[PDB]
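As provided, query_38.txt (compact mmCIF, N, CA and C atoms) reads as follows.
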# COMPACT_ATOMS: atom_id res chain seq x y z
N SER D 1856 21.95 -22.51 -2.45
CA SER D 1856 21.85 -23.38 -3.68
C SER D 1856 21.26 -24.70 -3.22
N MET D 1857 21.25 -25.72 -4.10
CA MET D 1857 20.80 -27.09 -3.72
C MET D 1857 21.38 -27.69 -2.43
N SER D 1858 20.49 -27.95 -1.44
CA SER D 1858 20.90 -28.48 -0.12
C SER D 1858 21.81 -27.48 0.71
N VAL D 1859 21.74 -26.21 0.38
CA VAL D 1859 22.54 -25.12 1.06
C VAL D 1859 21.65 -23.93 1.28
N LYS D 1860 21.16 -23.81 2.52
CA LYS D 1860 20.19 -22.76 2.88
C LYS D 1860 20.62 -21.85 3.99
N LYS D 1861 20.43 -20.54 3.82
CA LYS D 1861 20.53 -19.58 4.95
C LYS D 1861 19.56 -19.98 6.06
N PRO D 1862 19.85 -19.61 7.31
CA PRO D 1862 18.93 -19.91 8.43
C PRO D 1862 17.47 -19.37 8.21
N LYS D 1863 16.45 -20.15 8.65
CA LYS D 1863 15.01 -19.82 8.41
C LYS D 1863 14.47 -18.63 9.28
N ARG D 1864 14.47 -17.41 8.73
CA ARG D 1864 13.65 -16.25 9.24
C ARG D 1864 12.16 -16.61 9.50
N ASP D 1865 11.70 -16.36 10.73
CA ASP D 1865 10.35 -16.79 11.15
C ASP D 1865 9.35 -15.83 10.47
N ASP D 1866 8.56 -16.38 9.56
CA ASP D 1866 7.55 -15.60 8.79
C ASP D 1866 6.11 -15.88 9.22
N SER D 1867 5.93 -16.66 10.30
CA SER D 1867 4.59 -17.16 10.72
C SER D 1867 3.60 -16.06 11.21
N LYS D 1868 4.15 -14.94 11.67
CA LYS D 1868 3.41 -13.76 12.08
C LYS D 1868 3.24 -12.65 11.03
N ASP D 1869 3.77 -12.89 9.84
CA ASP D 1869 3.79 -11.79 8.81
C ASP D 1869 2.35 -11.37 8.45
N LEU D 1870 1.47 -12.36 8.24
CA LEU D 1870 0.07 -12.13 7.84
C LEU D 1870 -0.67 -11.25 8.84
N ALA D 1871 -0.56 -11.57 10.12
CA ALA D 1871 -1.11 -10.78 11.19
C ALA D 1871 -0.51 -9.41 11.31
N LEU D 1872 0.80 -9.32 11.18
CA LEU D 1872 1.44 -8.03 11.31
C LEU D 1872 1.13 -7.07 10.06
N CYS D 1873 1.09 -7.64 8.86
CA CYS D 1873 0.65 -6.83 7.66
C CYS D 1873 -0.80 -6.31 7.84
N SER D 1874 -1.66 -7.18 8.40
CA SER D 1874 -3.07 -6.79 8.71
C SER D 1874 -3.15 -5.63 9.71
N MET D 1875 -2.31 -5.64 10.75
CA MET D 1875 -2.23 -4.56 11.68
C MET D 1875 -1.74 -3.25 11.09
N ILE D 1876 -0.67 -3.30 10.30
CA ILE D 1876 -0.21 -2.14 9.58
C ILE D 1876 -1.35 -1.54 8.69
N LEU D 1877 -2.07 -2.41 8.01
CA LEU D 1877 -3.07 -2.02 7.03
C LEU D 1877 -4.21 -1.37 7.79
N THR D 1878 -4.58 -1.92 8.98
CA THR D 1878 -5.57 -1.28 9.88
C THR D 1878 -5.19 0.14 10.26
N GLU D 1879 -3.93 0.37 10.58
CA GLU D 1879 -3.41 1.64 10.97
C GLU D 1879 -3.46 2.62 9.78
N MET D 1880 -3.15 2.11 8.59
CA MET D 1880 -3.25 2.96 7.37
C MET D 1880 -4.75 3.32 7.11
N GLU D 1881 -5.64 2.32 7.19
CA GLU D 1881 -7.07 2.51 7.01
C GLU D 1881 -7.68 3.57 7.93
N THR D 1882 -7.17 3.70 9.14
CA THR D 1882 -7.75 4.59 10.13
C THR D 1882 -7.03 5.93 10.25
N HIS D 1883 -5.97 6.18 9.50
CA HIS D 1883 -5.29 7.46 9.48
C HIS D 1883 -6.23 8.50 8.85
N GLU D 1884 -6.19 9.71 9.39
CA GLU D 1884 -7.11 10.73 8.89
C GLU D 1884 -6.87 11.13 7.42
N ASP D 1885 -5.67 10.94 6.89
CA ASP D 1885 -5.36 11.25 5.52
C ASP D 1885 -5.53 10.04 4.54
N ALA D 1886 -6.17 9.01 4.99
CA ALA D 1886 -6.39 7.81 4.18
C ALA D 1886 -7.49 7.99 3.10
N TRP D 1887 -8.38 8.98 3.30
CA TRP D 1887 -9.61 9.10 2.48
C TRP D 1887 -9.41 9.04 0.95
N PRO D 1888 -8.28 9.58 0.39
CA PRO D 1888 -8.13 9.37 -1.08
C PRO D 1888 -7.90 7.94 -1.57
N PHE D 1889 -7.58 7.04 -0.61
CA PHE D 1889 -6.98 5.71 -0.84
C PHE D 1889 -7.88 4.58 -0.39
N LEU D 1890 -9.02 4.86 0.25
CA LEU D 1890 -9.84 3.82 0.89
C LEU D 1890 -10.53 2.88 -0.12
N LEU D 1891 -10.88 3.44 -1.27
CA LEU D 1891 -11.66 2.76 -2.31
C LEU D 1891 -11.05 2.95 -3.66
N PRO D 1892 -11.35 2.04 -4.61
CA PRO D 1892 -10.83 2.23 -5.96
C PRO D 1892 -11.28 3.56 -6.59
N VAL D 1893 -10.39 4.20 -7.32
CA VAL D 1893 -10.75 5.43 -8.07
C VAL D 1893 -11.82 5.04 -9.07
N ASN D 1894 -12.87 5.88 -9.19
CA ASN D 1894 -14.03 5.53 -10.06
C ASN D 1894 -13.62 5.86 -11.52
N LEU D 1895 -13.30 4.81 -12.26
CA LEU D 1895 -12.78 4.92 -13.64
C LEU D 1895 -13.79 5.47 -14.63
N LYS D 1896 -15.08 5.44 -14.29
CA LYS D 1896 -16.11 6.13 -15.10
C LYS D 1896 -16.15 7.61 -14.83
N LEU D 1897 -15.88 8.04 -13.59
CA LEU D 1897 -16.04 9.43 -13.22
C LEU D 1897 -14.80 10.24 -13.17
N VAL D 1898 -13.60 9.65 -13.37
CA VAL D 1898 -12.37 10.44 -13.27
C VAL D 1898 -11.65 10.35 -14.57
N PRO D 1899 -11.86 11.40 -15.41
CA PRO D 1899 -11.15 11.47 -16.69
C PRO D 1899 -9.65 11.28 -16.59
N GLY D 1900 -9.15 10.48 -17.49
CA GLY D 1900 -7.72 10.29 -17.64
C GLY D 1900 -7.19 9.10 -16.83
N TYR D 1901 -7.92 8.72 -15.77
CA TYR D 1901 -7.33 7.72 -14.79
C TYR D 1901 -7.09 6.38 -15.38
N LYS D 1902 -8.11 5.90 -16.11
CA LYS D 1902 -8.03 4.57 -16.71
C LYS D 1902 -6.83 4.42 -17.66
N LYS D 1903 -6.66 5.40 -18.55
CA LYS D 1903 -5.54 5.33 -19.52
C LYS D 1903 -4.16 5.54 -18.93
N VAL D 1904 -4.09 6.45 -17.98
CA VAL D 1904 -2.81 6.84 -17.46
C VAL D 1904 -2.28 5.85 -16.42
N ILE D 1905 -3.16 5.36 -15.55
CA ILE D 1905 -2.66 4.51 -14.36
C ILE D 1905 -2.86 3.05 -14.70
N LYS D 1906 -1.78 2.41 -15.04
CA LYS D 1906 -1.88 1.10 -15.68
C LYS D 1906 -2.29 0.03 -14.64
N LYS D 1907 -1.89 0.25 -13.39
CA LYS D 1907 -2.25 -0.68 -12.31
C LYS D 1907 -2.84 0.03 -11.09
N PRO D 1908 -4.14 0.28 -11.09
CA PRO D 1908 -4.84 0.95 -9.95
C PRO D 1908 -4.74 0.08 -8.72
N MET D 1909 -4.55 0.74 -7.57
CA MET D 1909 -4.49 -0.02 -6.29
C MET D 1909 -5.06 0.90 -5.22
N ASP D 1910 -5.68 0.33 -4.19
CA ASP D 1910 -6.28 1.08 -3.11
C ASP D 1910 -6.29 0.16 -1.87
N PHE D 1911 -6.56 0.74 -0.70
CA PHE D 1911 -6.52 -0.04 0.54
C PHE D 1911 -7.56 -1.15 0.59
N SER D 1912 -8.78 -0.91 0.09
CA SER D 1912 -9.84 -1.96 0.13
C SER D 1912 -9.47 -3.20 -0.70
N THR D 1913 -8.85 -2.98 -1.85
CA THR D 1913 -8.34 -3.99 -2.74
C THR D 1913 -7.16 -4.74 -2.10
N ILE D 1914 -6.30 -4.02 -1.40
CA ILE D 1914 -5.19 -4.71 -0.65
C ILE D 1914 -5.81 -5.56 0.45
N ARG D 1915 -6.81 -5.01 1.15
CA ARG D 1915 -7.42 -5.74 2.26
C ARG D 1915 -8.10 -7.07 1.77
N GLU D 1916 -8.78 -7.03 0.65
CA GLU D 1916 -9.38 -8.23 0.09
C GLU D 1916 -8.30 -9.27 -0.39
N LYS D 1917 -7.24 -8.79 -1.04
CA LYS D 1917 -6.14 -9.65 -1.46
C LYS D 1917 -5.47 -10.32 -0.20
N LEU D 1918 -5.28 -9.54 0.85
CA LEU D 1918 -4.67 -10.02 2.08
C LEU D 1918 -5.52 -11.14 2.74
N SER D 1919 -6.81 -10.86 2.87
CA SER D 1919 -7.76 -11.74 3.45
C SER D 1919 -8.00 -13.05 2.69
N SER D 1920 -7.67 -13.13 1.42
CA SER D 1920 -7.98 -14.25 0.55
C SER D 1920 -6.71 -14.96 0.08
N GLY D 1921 -5.57 -14.72 0.78
CA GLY D 1921 -4.28 -15.42 0.42
C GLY D 1921 -3.72 -15.17 -0.90
N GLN D 1922 -3.95 -13.95 -1.40
CA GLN D 1922 -3.34 -13.55 -2.67
C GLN D 1922 -1.95 -12.83 -2.59
N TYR D 1923 -1.45 -12.61 -1.37
CA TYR D 1923 -0.03 -12.21 -1.21
C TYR D 1923 0.85 -13.44 -0.84
N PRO D 1924 1.75 -13.81 -1.74
CA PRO D 1924 2.65 -14.93 -1.39
C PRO D 1924 3.63 -14.60 -0.30
N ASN D 1925 4.02 -13.33 -0.10
CA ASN D 1925 4.97 -13.03 0.96
C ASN D 1925 4.86 -11.53 1.35
N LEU D 1926 5.55 -11.14 2.42
CA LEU D 1926 5.39 -9.73 2.89
C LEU D 1926 5.88 -8.69 1.83
N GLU D 1927 6.81 -9.04 0.94
CA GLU D 1927 7.29 -8.09 -0.06
C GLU D 1927 6.24 -7.75 -1.15
N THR D 1928 5.42 -8.74 -1.51
CA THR D 1928 4.41 -8.49 -2.50
C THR D 1928 3.37 -7.57 -1.86
N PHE D 1929 3.13 -7.68 -0.54
CA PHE D 1929 2.17 -6.78 0.16
C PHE D 1929 2.72 -5.33 0.10
N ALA D 1930 4.00 -5.16 0.46
CA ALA D 1930 4.66 -3.77 0.44
C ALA D 1930 4.64 -3.15 -0.97
N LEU D 1931 4.78 -3.99 -2.00
CA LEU D 1931 4.75 -3.50 -3.38
C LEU D 1931 3.36 -2.88 -3.73
N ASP D 1932 2.27 -3.53 -3.34
CA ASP D 1932 0.90 -2.96 -3.58
C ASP D 1932 0.69 -1.70 -2.75
N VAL D 1933 1.15 -1.66 -1.47
CA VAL D 1933 1.00 -0.44 -0.70
C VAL D 1933 1.74 0.72 -1.43
N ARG D 1934 2.99 0.48 -1.83
CA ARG D 1934 3.81 1.53 -2.47
C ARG D 1934 3.16 1.94 -3.79
N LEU D 1935 2.58 0.98 -4.53
CA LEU D 1935 1.85 1.26 -5.76
C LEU D 1935 0.74 2.29 -5.57
N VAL D 1936 0.04 2.24 -4.44
CA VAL D 1936 -1.00 3.19 -4.11
C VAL D 1936 -0.37 4.64 -4.09
N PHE D 1937 0.83 4.78 -3.51
CA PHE D 1937 1.44 6.10 -3.40
C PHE D 1937 2.11 6.59 -4.65
N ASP D 1938 2.68 5.67 -5.40
CA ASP D 1938 3.26 5.93 -6.70
C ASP D 1938 2.22 6.33 -7.69
N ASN D 1939 1.09 5.63 -7.72
CA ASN D 1939 -0.09 6.10 -8.51
C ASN D 1939 -0.52 7.51 -8.15
N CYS D 1940 -0.63 7.77 -6.85
CA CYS D 1940 -1.08 9.07 -6.39
C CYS D 1940 -0.12 10.19 -6.90
N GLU D 1941 1.18 9.95 -6.81
CA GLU D 1941 2.17 10.96 -7.28
C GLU D 1941 2.12 11.15 -8.79
N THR D 1942 1.79 10.07 -9.50
CA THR D 1942 1.64 10.14 -10.97
C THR D 1942 0.48 11.07 -11.41
N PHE D 1943 -0.59 11.06 -10.67
CA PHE D 1943 -1.80 11.75 -11.05
C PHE D 1943 -2.11 13.07 -10.35
N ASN D 1944 -1.43 13.39 -9.24
CA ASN D 1944 -1.82 14.51 -8.40
C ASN D 1944 -0.57 15.41 -8.20
N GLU D 1945 -0.82 16.71 -8.30
CA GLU D 1945 0.22 17.67 -7.95
C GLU D 1945 0.63 17.49 -6.45
N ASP D 1946 1.94 17.58 -6.19
CA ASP D 1946 2.46 17.69 -4.78
C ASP D 1946 1.71 18.73 -3.91
N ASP D 1947 1.43 19.89 -4.49
CA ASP D 1947 0.73 20.96 -3.80
C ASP D 1947 -0.80 20.86 -4.03
N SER D 1948 -1.40 19.80 -3.51
CA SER D 1948 -2.87 19.53 -3.57
C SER D 1948 -3.16 18.79 -2.29
N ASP D 1949 -4.40 18.77 -1.84
CA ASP D 1949 -4.72 18.00 -0.65
C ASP D 1949 -4.38 16.50 -0.86
N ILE D 1950 -4.72 15.95 -2.02
CA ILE D 1950 -4.51 14.52 -2.27
C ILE D 1950 -3.02 14.24 -2.40
N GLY D 1951 -2.27 15.16 -3.04
CA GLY D 1951 -0.83 15.00 -3.29
C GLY D 1951 -0.11 14.96 -1.90
N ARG D 1952 -0.50 15.85 -1.00
CA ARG D 1952 0.06 15.94 0.35
C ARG D 1952 -0.31 14.70 1.19
N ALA D 1953 -1.57 14.25 1.04
CA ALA D 1953 -2.06 13.01 1.68
C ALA D 1953 -1.16 11.86 1.31
N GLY D 1954 -0.86 11.73 0.03
CA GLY D 1954 -0.01 10.61 -0.43
C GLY D 1954 1.37 10.59 0.12
N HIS D 1955 2.00 11.76 0.16
CA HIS D 1955 3.31 11.85 0.82
C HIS D 1955 3.26 11.53 2.25
N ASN D 1956 2.27 12.05 3.00
CA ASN D 1956 2.12 11.75 4.42
C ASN D 1956 1.94 10.23 4.72
N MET D 1957 1.06 9.61 3.93
CA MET D 1957 0.76 8.17 4.12
C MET D 1957 1.96 7.30 3.80
N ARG D 1958 2.69 7.64 2.78
CA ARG D 1958 3.88 6.87 2.40
C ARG D 1958 4.91 6.91 3.55
N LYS D 1959 5.20 8.13 4.02
CA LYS D 1959 6.00 8.28 5.26
C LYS D 1959 5.55 7.44 6.43
N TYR D 1960 4.27 7.52 6.80
CA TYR D 1960 3.69 6.75 7.83
C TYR D 1960 3.89 5.24 7.64
N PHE D 1961 3.64 4.77 6.40
CA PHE D 1961 3.76 3.35 6.08
C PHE D 1961 5.25 2.85 6.24
N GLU D 1962 6.18 3.64 5.73
CA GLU D 1962 7.55 3.22 5.64
C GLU D 1962 8.17 3.11 7.04
N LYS D 1963 7.77 4.01 7.94
CA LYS D 1963 8.19 3.88 9.33
C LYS D 1963 7.63 2.63 10.01
N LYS D 1964 6.33 2.39 9.89
CA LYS D 1964 5.73 1.16 10.43
C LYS D 1964 6.38 -0.09 9.88
N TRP D 1965 6.76 -0.05 8.60
CA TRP D 1965 7.33 -1.21 7.94
C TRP D 1965 8.75 -1.54 8.54
N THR D 1966 9.60 -0.53 8.62
CA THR D 1966 10.92 -0.57 9.22
C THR D 1966 10.85 -1.01 10.67
N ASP D 1967 10.00 -0.37 11.47
CA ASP D 1967 9.86 -0.74 12.87
C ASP D 1967 9.30 -2.13 13.11
N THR D 1968 8.42 -2.62 12.23
CA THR D 1968 7.83 -3.93 12.45
C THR D 1968 8.78 -5.08 12.00
N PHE D 1969 9.56 -4.88 10.93
CA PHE D 1969 10.22 -5.95 10.20
C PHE D 1969 11.77 -5.80 10.06
N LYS D 1970 12.36 -4.61 10.25
CA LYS D 1970 13.81 -4.36 10.03
C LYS D 1970 14.56 -4.07 11.35
Re-express the file's structure as C-alpha cells.
Amino acid sequence: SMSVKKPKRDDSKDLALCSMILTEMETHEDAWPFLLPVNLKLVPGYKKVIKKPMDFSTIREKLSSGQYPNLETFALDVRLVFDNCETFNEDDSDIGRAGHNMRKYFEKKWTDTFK
C-alpha cells in the first residue's frame, strides 16, 4: 500500500531474456504456422472468428519497440498465439499438433527462466 512495498524483484534483464525465449520459439521446427500473421484475405473464417490475431513476427516487433510494459504482457501474447491455434485447428492436424508442441516448449522455457 502507500509507502509499504514488497522487496524489488530485479526486472532489468527481462527484455533480453524474453528476446532469447522468442528466438528459440522462432527457430523451432514446428514454428512455421506461427511465424507470420494469418492472411485474413486468404483464410476463410479467420477474421470473424479470431478476435485478436497474434503471431511471432508481431510479438517480435512489439518487443523491439517497447510495447510490452512487463514480462506478463509478453507471456499473454505468446499464449494468445496458441489459444488462437486451438480455436481454429483440430488437435489431430499438423497445425493443431504444432500448437500443442510449441505451447509446451514455451511454458518450460518460461518456468526455467523466471520461476
Kindly assemble as a Markdown table a list of the region 1863-1907 of chain D residues that lie within 8 Å of region 1946-1969 of chain D, each paired with its nearest atom pair and their distance in Å to one decimal, using only C-alpha atoms, sorted first by chain and then by ascending residue number.
| residue | atom | partner | partner_atom | distance |
| --- | --- | --- | --- | --- |
| D:1872 | CA | D:1968 | CA | 7.7 |
| D:1876 | CA | D:1964 | CA | 6.8 |
| D:1880 | CA | D:1961 | CA | 7.1 |
| D:1885 | CA | D:1953 | CA | 5.4 |
| D:1886 | CA | D:1957 | CA | 7.2 |
| D:1888 | CA | D:1950 | CA | 6.4 |
Prev. selection, N, CA and C atoms, output as a PDB file, in the coordinates of the input:
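The resulting file, selection.pdb, is reproduced below:
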ATOM      1  N   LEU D1872       0.800  -9.320  11.180  1.00  0.00           N
ATOM      2  CA  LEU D1872       1.440  -8.030  11.310  1.00  0.00           C
ATOM      3  C   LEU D1872       1.130  -7.070  10.060  1.00  0.00           C
ATOM      4  N   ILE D1876      -0.670  -3.300  10.300  1.00  0.00           N
ATOM      5  CA  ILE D1876      -0.210  -2.140   9.580  1.00  0.00           C
ATOM      6  C   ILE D1876      -1.350  -1.540   8.690  1.00  0.00           C
ATOM      7  N   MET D1880      -3.150   2.110   8.590  1.00  0.00           N
ATOM      8  CA  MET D1880      -3.250   2.960   7.370  1.00  0.00           C
ATOM      9  C   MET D1880      -4.750   3.320   7.110  1.00  0.00           C
ATOM     10  N   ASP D1885      -5.670  10.940   6.890  1.00  0.00           N
ATOM     11  CA  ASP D1885      -5.360  11.250   5.520  1.00  0.00           C
ATOM     12  C   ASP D1885      -5.530  10.040   4.540  1.00  0.00           C
ATOM     13  N   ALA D1886      -6.170   9.010   4.990  1.00  0.00           N
ATOM     14  CA  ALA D1886      -6.390   7.810   4.180  1.00  0.00           C
ATOM     15  C   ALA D1886      -7.490   7.990   3.100  1.00  0.00           C
ATOM     16  N   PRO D1888      -8.280   9.580   0.390  1.00  0.00           N
ATOM     17  CA  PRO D1888      -8.130   9.370  -1.080  1.00  0.00           C
ATOM     18  C   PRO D1888      -7.900   7.940  -1.570  1.00  0.00           C
TER      19      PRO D1888
END
By how many Å are CA of residue 1889 (chain D) and CA of residue 1936 (chain D) apart?
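Separation of CA of residue 1889 (chain D) and CA of residue 1936 (chain D): 7.3 Å.
Residues within 12 Å of region 1917-1924 of chain D, counting only C-alpha atoms and excluding same-chain residues fewer than 2 positions away, are residues 1866, 1869, 1870, 1871, 1872, 1873, 1874, 1875, 1876, 1877, 1878, 1909, 1910, 1911, 1912, 1913, 1914, 1915, 1926, 1927, 1928, 1929, 1930, 1931, 1932 and 1933 of chain D.
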Pairwise distance for atom C of residue 1867 (chain D) and atom N of residue 1916 (chain D), rounded to one decimal in Å
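Separation of atom C of residue 1867 (chain D) and atom N of residue 1916 (chain D): 18.6 Å.
As for atom N of residue 1884 (chain D) and atom C of residue 1937 (chain D), they are spaced 16.6 Å apart.
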DSSP helix (DSSP H, G or I) residues within region 1882-1969 of chain D, as an MDAnalysis selection string:
chainID D and resid 1882 1884:1886 1901:1904 1911:1919 1926:1943 1949:1969
